[PDB]
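# Residue-level structural notes
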Amino acid sequence: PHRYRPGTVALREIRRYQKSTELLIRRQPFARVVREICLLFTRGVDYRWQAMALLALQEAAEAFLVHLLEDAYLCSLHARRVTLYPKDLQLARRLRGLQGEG
Amino acid sequence: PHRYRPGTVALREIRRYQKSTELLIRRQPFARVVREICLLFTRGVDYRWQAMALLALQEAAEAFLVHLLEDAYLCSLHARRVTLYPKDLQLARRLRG
Amino acid sequence: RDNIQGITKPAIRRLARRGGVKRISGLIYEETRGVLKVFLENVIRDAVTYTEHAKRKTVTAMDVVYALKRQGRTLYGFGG
Amino acid sequence: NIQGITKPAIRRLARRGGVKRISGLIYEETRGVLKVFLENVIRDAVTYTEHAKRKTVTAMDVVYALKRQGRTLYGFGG
Amino acid sequence: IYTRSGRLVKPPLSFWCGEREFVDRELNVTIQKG
Amino acid sequence: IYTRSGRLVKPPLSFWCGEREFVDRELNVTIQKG
Amino acid sequence: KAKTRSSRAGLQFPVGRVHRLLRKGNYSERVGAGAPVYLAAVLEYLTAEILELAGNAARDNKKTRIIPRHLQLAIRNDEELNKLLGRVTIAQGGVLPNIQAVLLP
Amino acid sequence: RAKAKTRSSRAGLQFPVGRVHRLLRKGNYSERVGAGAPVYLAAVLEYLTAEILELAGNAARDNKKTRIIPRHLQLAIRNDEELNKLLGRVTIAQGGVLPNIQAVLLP
Amino acid sequence: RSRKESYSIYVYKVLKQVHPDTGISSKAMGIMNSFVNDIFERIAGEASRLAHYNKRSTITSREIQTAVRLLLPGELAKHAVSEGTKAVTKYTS
Amino acid sequence: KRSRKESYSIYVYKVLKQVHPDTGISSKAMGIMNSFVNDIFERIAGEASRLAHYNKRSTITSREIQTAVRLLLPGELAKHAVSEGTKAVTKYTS
DNA sequence: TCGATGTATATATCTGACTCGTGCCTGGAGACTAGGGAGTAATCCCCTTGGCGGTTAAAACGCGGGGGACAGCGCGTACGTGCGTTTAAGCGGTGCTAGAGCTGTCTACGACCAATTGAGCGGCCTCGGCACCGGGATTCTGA
DNA sequence: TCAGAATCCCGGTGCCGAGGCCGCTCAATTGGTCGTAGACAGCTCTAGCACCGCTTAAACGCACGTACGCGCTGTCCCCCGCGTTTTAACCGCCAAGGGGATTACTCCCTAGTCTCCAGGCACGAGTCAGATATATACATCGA
C-alpha cells in the first residue's frame, strides 16, 4: 500500500496551520478551565463570564503559547537537534524572565 | 617550576571579580567612545557631558554587558559546551529581544 | 477527568505546528499545560481584581484587555 | 575609539558574569553590542537635552533615557 | 527565616520550573512547586 | 516597495547580527550591516 | 460661518475631539493650540501607512476587503512599523509563514 | 486655634502625609484626591522602606560592618523571593552581582 | 442607548482617500480603532512626562514633536515630524 | 543661597533608627533609597490614576490605592501592605 | 527516471452581513481676564580644554602545552504515521432570571483661601568607621 | 603525601565623610465656605446560564525507522598561564571662561462661559465571500 515517509506529513501540517487564523484549542474545554481557575481564585463566589472575554483570553493564550514554542524550537535548533524537548521550554522561559514574564 | 593547570585560574578570577563591586572598564577610553558617538550623532555641534553623566552611562553599560554574558554562557552550557561562542550571544539577544 | 486535561495532545501539536515545530517529544505536553495554567492564573487574577474594584459580579472583555495590557501584552480588536 | 575597550576588559566582564572559557571572536561581537547600546542610549539622551534647550547633557537626561528604554537606574539623580 | 512582619524570606525560586507563589482573593500566600 | 509618502518599506533585519539603522538629528536613516 | 478645525489644516482626523481628549485625559494642566493638530496629523499619517500596506496585502490576496489577517501580514512585514507594534498581538491575525531551512529536505 | 498636630503624627507614620498629598495633586493624576489616599500610600511606602532597610542592615551586620552600602542593598534585594520580582528590571549603582558559579564548571 | 464615540468616519475616509475601491470589515476596523487609541495614549503620555520633567504645565506643539522623535523609529519619525510641521504651518495661516 | 531640593532622606533615616538603632547609612545608599521611594510612589500613583479613569471617576480615594497595591505587589508584600495601610487609615480616621 | 497515489490549488455555481440613507440630539465654533512663559541680566561653578608630569599598574606581545571539541562510526527506542472505535464538542431552539445599565436626588466631601508658625532644608564642623600600612597562614600540582 | 604562593586574619595609623548643631523660611496645619460627585433606590430589558436532541473527531492499539547520544578514535588546534617589554591612566595641579543656574524681573498668550448649529451616532435595508460540487496540475515514494 501507500505510506508517506516520517516527516513529510508534518511539513504539510506546518504549511496548513501557518496559513489559517482559526483557533486551535477546543472552545468549551478552555472555557471550563478558565471558569475553574477563576472560581478557585475567588474562593467560592460564582462570577459570570461574558462571551467576548473568554474569546479574548483564548486568543491571548494561544498567541503566547505559539510564541513560546517558536522560541523553544529556536533553542532546540541551536542545540543541534530537530526535536523539541522539555529543557528547551525551561531555557526559553529563563532567558526572557521577570522582564518578559510580567 | 610552578604552573597551575589551565582553568584553575579562571575560577579564582571569577571569585575575585564577583566579590568586589568596582568598575571594570577604564574611565578615559569609555568617555572618549561616548563622546565620539555623541559627536557623530549630533553632526558637528560640540556637547559637554557632566561628571555624573558619564558614570551613569558606564554603570548601565557594564550591568547590561554582564547580564548578557551570563545569558550567553547559560546558552552555551545548554548547548553542552564550556566555551562562550559568538553564536551564543546572537541567540541570547534574539530570544530576549 | 481533570479540566487541565481538556487541552489535549492534538491541540498542543497544532499549536506547535503553527509555531514551526516539526518533531515533538513525549514530555512536552505536561510542561506546556503547566505554562498555560500559570499564564491563565496570572491573567484571571488580574481580571478578577479589576472587576471586583468596579463592584461588578461579572467580568467583561474590557477588563481582560486592561489585565493583558498591564501584564505587558497589549491586545487589539476587543475595544482597546 | 571603540578599541579603547581592551581585550582584558571584556575578559573581566565575562569573569564577573561567571564565564570560565572565552572564544577568540567574542571581543568583536561584544564591542558591537556595546556600540549599539551606547548609540541608542546616547540618541535618547541627546534628544532629551535638546528639548530642554540646554548644551550640557546632565545625569538626569541619561537616567530618563535609561528609564524610557526599559532599565531603571538607581543612585544618580541628586 | 522571618522578618518583623513575619513573611518567610528564602532565596529566590525558579519560576522556569513551575515554582510560584499562589495568591488568592484574601491574599493568603500558597507556596507552589513544579 | 515605496509608499505614497515616499519612504522605502523593507523587510525586518537580523538585529541580533548587528544590523541596524542609523538615525541622526536630521532623522536621515542609514542602513548599517553586521 | 462654521469652519471645522480639521478641514482648515486639511486633516481627515478630528482636531476638536483630540483637543477634548487631551484636556479631559488629565495629561497636563494646559494644552496649546498646535498640540491637537500635530497629534491629528501624526495619527492620520500612521493610519494612512497602515492602510496602504493593508490594501496592498489585500490586493495580493485577490480580495477587496481588509481583514485582521491582512493587517497582520502588512504590519509584520515592515521593519519600521513592526518595531512600533512589537509588543502588540492582533486577534485572528495568524503568523508569518516561514519554515527554517534545516527542516526542509 | 490650639496646638497643631501633623497628619503623620495623627496616623502614627514616619513618612510625610502632607508631602504625599501635595505630590498627588501637583502630579496631574486625577481631578480630585480623597483624604485617606495619602495616608494609605504613605503607610505602604513606610512598610516597603522598613523592609528594605531591615534586610540591608542584616546583610551589613553579617559582614561585620556598621554602615549600609549599595553592595549591602543589592545583597538584601536579590536574595528575596518577592523583593526581587518587585525590582526585577532595576540596576543598582555599585552593586555587583550575586556570587553564583554553576556546578558543571567545578572540577 | 448611549453614544459610543470612536474613530470610524475618519478611518473610513482615509481608506477611501488612499485606496479608492476597497472596504474594511468590522474586526479589522476595531483593530484600527484600538491601534489609534494606543498610539494616542503613548504620544500623550510621553508629552506629559516631557512637560513635567522640565517643570512646565503646557503641552505645546514642541512637546509633541519631541515625543514623536522619541517614540517613532527612524523614517517614520522623520515623516511624522515633517507632516506635523506642515499641518501646523497650514493651520496657522 | 541655593534652591531647596526635597528628598526622603530624613524619613528614611528615621525609619532606619527604628529597626537597627546602632547602624548608620552612607550617602549613595541614601540616594538609592530616594530613587526607590520615588519609583514606587510613581508606580502606585500611576496605577491609581488609570484605575480611576477606567471607571469614569475623578477622585483617587483609598480604595484606588488599595487596588493598585493589590495589583503591583506580589503575595506577602501585597497582603502586609494592605494590612498596614488599612491600620494606618483606621487610626487616622479617629 | 516513471506510475500513481493523496492533494491542494483553480473552475464554475448559490447564498448572509457592510455600505448605504436618514432622524436628531449633543458636542463643536467665537469675545475677555489672569496667571505662565520669553526675553533679559549680573553671578558663580564645573567642565574642558591646554597643558603641566610622573609613576606605576595595566596592556600588549610572545611561547609552551594541555584539554575541549568537532567529524565520524554503532546500537535501540521512541516518536512519527496510517487504520479501526467511541466520545464529547458544535449547532440550534427555549427559557428563565441575574444583573448590567440608565435616571432621580440629595448629602457628605473635597477644592479654595487668609494666616500662622514650626518642620525641614542649607551651611559648619569634629571624630571615628574605614581604607591602608605591614606581618603569619590552607588551598592546588608536580614527585 | 610534600613544596611553592595567594588568600584572610590581625593589629596600628591617618583620613575624610557622616551625624548633629545652628540658623532660617516657605508650606502645611487650623478653620470655614460652597459647589458638586457620587452613593443610594428604582426601574427596564438584555445577555448569560442550563437544558434538550441531533450530528459528527480524539484515543488507543500496531508496525516500521531514523534521531540521538554515550563510547572510542583522533587529532589537532587554540585558548590558558606565565614571562618580558611598552605605554598610558590616573592622580595632584594652574586656570579660565562657556554655559547651567540661578534669582529675579518684567511684560505678553489659553481656560470658562454663554450663544448658536451641524455632524457623527443609532436604527433600518441590500450582495461578496463562504460554502458546494468538479478537476486538476503537484509531488513523491518505490521499481
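All residue numbers start from 1 on each chain and follow the order of its written sequence rather than the entry's numbering, and residues without coordinates are excluded. Lettering for chains starts from A, numbering for ligands starts from 1, and both go in the order in which the items are written. Hydrogens and water are ignored here; the side-chain numbers use all heavy atoms of the structure.

A word on the overall build of chain D. Segments assigned H or I by DSSP are reported as helices when at least four residues long, segments assigned E as strands when at least two residues long, and all are numbered from the N terminus. The helix and strand inventory of chain D stands at three helices and three strands. For chain D, the α and β elements follow one another from N to C terminus as α-β-α-β-α-β. Each radius of gyration reported is based on C-alpha atoms, and the globular scaling rule is 2.2 Å times the count of residues to the power 0.38. Radius of gyration (C-alpha) of chain D: 16 Å, far over the 12 Å computed for a compact globule of 78 residues. Projected onto its principal axes, the C-alpha coordinates of chain D cover approximately 45 × 25 × 20 Å.

It is worth spelling out the pattern of salt bridges at this point. Basic side-chain nitrogens of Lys or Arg form a salt bridge, by our definition, when they fall within 4 Å of a carboxyl oxygen of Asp or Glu. Tallying each qualifying case throughout the model produces 35 salt bridges over all chains. A salt bridge links A:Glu13 to C:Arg17; the nearest nitrogen and oxygen atoms lie 3.4 Å apart. Of this pair, A:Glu13 sits in helix α1 (residues 8–17) while C:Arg17 sits in helix α1 (residues 9–18), each in a different chain. Residue H:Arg22 is joined to J:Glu6 by a salt bridge in which the shortest nitrogen-to-oxygen separation is 2.4 Å. Within this pair, whereas H:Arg22 is found in helix α2 (residues 18–26), its partner J:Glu6 is found in the segment before α1 (9–19), the two belonging to separate chains. The class for H:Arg22 is partly exposed, based on a relative accessible area of 33%. By sharing partners, the salt bridges in this structure join E:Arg7, H:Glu51, H:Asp80, H:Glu81 and H:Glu82 into a single network. Only protein chains enter the accessibility calculation, which uses a 1.4 Å probe. A residue is then buried if its area is under 20% of the maximum for its type, exposed if over 50%, and partly exposed in between.

A few words now on the packing of aromatic side chains. A pair of aromatic rings is counted whenever rings of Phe, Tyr or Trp (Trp by its six-membered ring) have centres within 6.5 Å, and the orientation is called stacked for planes under 30 degrees apart, edge-to-face for over 60 and tilted otherwise. On inspection of all chains with the given rule, the structure shows 16 aromatic pairs over all chains. Ring centres of C:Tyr66 and J:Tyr54 lie 4.1 Å apart, and the angle between their planes is 35°; on these two criteria the pair is classed as tilted. With one member in each of two chains, C:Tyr66 in helix α3 (residues 61–71) and J:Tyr54 in helix α2 (residues 27–54) form a pair that bridges those chains. Assessed through its relative accessible area of 18%, C:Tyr66 is described here as buried. Counting every residue linked through ring pairs, the aromatic cluster contains C:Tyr50, C:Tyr66 and J:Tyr54. When the ring centre of A:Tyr4 is taken as origin, the NZ or CZ atom of A:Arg12, which lies over that ring, is 4.5 Å away. Geometrically, a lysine NZ or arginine CZ counts as sitting over a ring once it is within 6 Å of the ring centre and also within 35 degrees of the ring normal.

We now examine the interface of chain J and chain H. Pairs of residues are marked as contacts when any of their non-hydrogen atoms sit within 4.5 Å. Across the contact, 54 residues belong to chain J and 51 residues belong to chain H. Each partner contributes to the roughly 5,200 Å² buried at the junction of chain J and chain H, and carbon and sulfur atoms together form 71% of this total. When the buried surface of chain J facing chain H is broken down by residue, J:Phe41, J:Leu77 and J:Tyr92 rank first, second and third, together holding 13% of it. Taking the shortest distance from any N to any O, the salt bridge between J:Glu6 and H:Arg19 comes out at 3.8 Å. For the side of chain J that touches chain H, the elements supplying multiple residues, two or more each, are α1, β1 (24–25), α2, β2 (59–60), α3 (62–72) and α4 (76–93) of chain J. In terms of residue count, the dominant contributor to the side of chain J that touches chain H is α2(J) (15 residues). Residue classes in the side of chain J that touches chain H are distributed as 29 nonpolar, 16 polar and nine charged. By buried area we mean how much accessible surface two parts lose on assembly, using a 1.4 Å probe and totalling the loss over both. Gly counts as polar in this scheme, as do all residues outside two lists: the nonpolar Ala, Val, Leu, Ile, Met, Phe, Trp, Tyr, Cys and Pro, and the charged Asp, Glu, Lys and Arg.

Moving on, we come to the nonpolar core. The criterion is simple. A nonpolar core is a set of buried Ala, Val, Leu, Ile, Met, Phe, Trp, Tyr and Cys residues joined through side-chain atoms within 4.5 Å. Residues B:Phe30, B:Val34, B:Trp49, B:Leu57, D:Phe37, D:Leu38 and D:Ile42 are the most contacted members of the largest nonpolar core, which totals 67 residues. Of all elements in the fold, only α3 (51–78) and α4 (86–95) of chain A, α2 (27–42), α3 (51–78) and α4 (86–95) of chain B together with α1 (7–16), α2 (26–51) and α3 (59–69) of chain D reach the threshold of two or more residues within this core. Per element, the largest residue contribution to this core is 16 residues, and it comes from α3(B). Leaving out residues up to four positions away in the same chain, D:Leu38 has contacts with B:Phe30, B:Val33, B:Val34, B:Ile37 and B:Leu57.

As a further point, take the protein's contact with DNA strand L. Proximity is defined per residue: if any heavy atom of the residue lies within 4 Å of a molecule or strand, that residue is considered near it. The immediate surroundings of DNA strand L are formed by 71 residues, with B:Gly7, D:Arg11, D:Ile22, D:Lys55 and H:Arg1 found nearest. What you see for DNA strand L is that sugar and phosphate hold 90% of its atoms within 4 Å of the protein. Here a polar contact is taken to be a pair of N or O atoms separated by no more than 3.5 Å, where protein atoms must pair a possible hydrogen donor with a possible acceptor and residues adjacent in sequence count only if both atoms sit in side chains. Residue J:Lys1 places a main-chain N or O atom 3.0 Å away from a phosphate oxygen belonging to DNA strand L. Measuring from a phosphate oxygen of DNA strand L, one finds a backbone N or O atom of J:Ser3 at 3.0 Å. Listing elements by their share of the surface near DNA strand L, those giving two or more residues are β1 (48–49) of chain A, α1 (8–19) and α2 of chain B, β1 (21–22) of chain D, β1 (30–31) of chain G, α1 (7–11) and α2 of chain H together with α1 (9–18) of chain I. Considering each element in turn, the surface near DNA strand L owes the most residues, four residues, to α1(B). The residue inventory of the surface near DNA strand L, partitioned by class, reads 16 nonpolar, 20 polar and 35 charged.

All names here are of chain I. With axes taken as lines fitted to C-alpha atoms, and helix axes fitted only over the stretch in contact, angles between N-to-C directions fall between 0 and 180 degrees. Relative orientation of the contacting elements helix α3 (residues 61–71) and helix α4 (residues 75–92) amounts to 165°, with a least axis distance of 9 Å. When the axis of α3 is compared with that of α4, the two are roughly antiparallel. Our pair here, α3 against α4, has a crossing hand that is right-handed. For the pair α3 and α4, the contacting residues are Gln65, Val68 and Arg69 in the first and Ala77, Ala80, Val81 and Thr85 in the second. Orientation categories follow fixed angle ranges, with anything under 35 degrees roughly parallel, anything over 145 roughly antiparallel, 65 to 115 roughly perpendicular, and all other angles oblique. Crossings are classed by handedness, with left-handed meaning an anticlockwise turn of the near helix from the far one by less than a right angle and right-handed meaning a clockwise turn.

In the region of DNA strand K, 69 residues are neighbours, and A:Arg3, B:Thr83, G:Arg20, I:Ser2 and I:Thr58 sit closest. When the atoms of DNA strand K within 4 Å of the protein are grouped by moiety, sugar and phosphate amount to 93% of the total. In the environment of DNA strand K, a base oxygen lies 3.5 Å from a nitrogen or oxygen atom belonging to the side chain of C:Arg23. Of all the elements, helix α2 (residues 27–42) of chain A adds the most residues to the surface near DNA strand K, at four residues. Of the residues assigned to the surface near DNA strand K, the class counts are 16 nonpolar, 19 polar and 34 charged.

So, on to the interface of chain C and chain A. Many descriptions give the size of an interface as the accessible area lost when the pieces come together. At the interface, 47 residues of chain C touch 53 residues of chain A. Together chain C and chain A conceal approximately 5,000 Å² of surface at their shared face, both sides included; 72% is due to carbon and sulfur atoms. Our count for the chain C to chain A interface comes out at one salt bridge. Put simply, chain C and chain A have 17 residue pairs in polar contact between them. Among the secondary structure elements, those contributing two or more residues to the side of chain C that touches chain A are α1, β1 (23–24), α2 (28–53), β2 (58–59) and α3 of chain C.

What follows deals with the environment of C:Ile44. For C:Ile44, the location among the structural elements is in helix α2. Separated by 20 residues in sequence, C:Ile44 and C:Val64 place their C-alpha atoms 7.7 Å apart. Not counting residues up to four positions away in its chain, the partners in contact with C:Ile44 are A:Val34, A:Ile37, A:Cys38, A:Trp49 and A:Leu57.

Before going further, it helps to spend a moment on unusual backbone geometry. All names here are of chain H. Although it is not a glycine, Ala2 adopts a positive phi angle of roughly 60°. By the element assignment, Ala2 lies in the segment before α1. With relative accessibility at 73%, the residue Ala2 sits in the exposed group. The phi dihedral of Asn28 is positive, around 60°, even though this residue is not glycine. With respect to the helices and strands, the residue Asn28 is situated in the loop between α2 and β1 (32–33).

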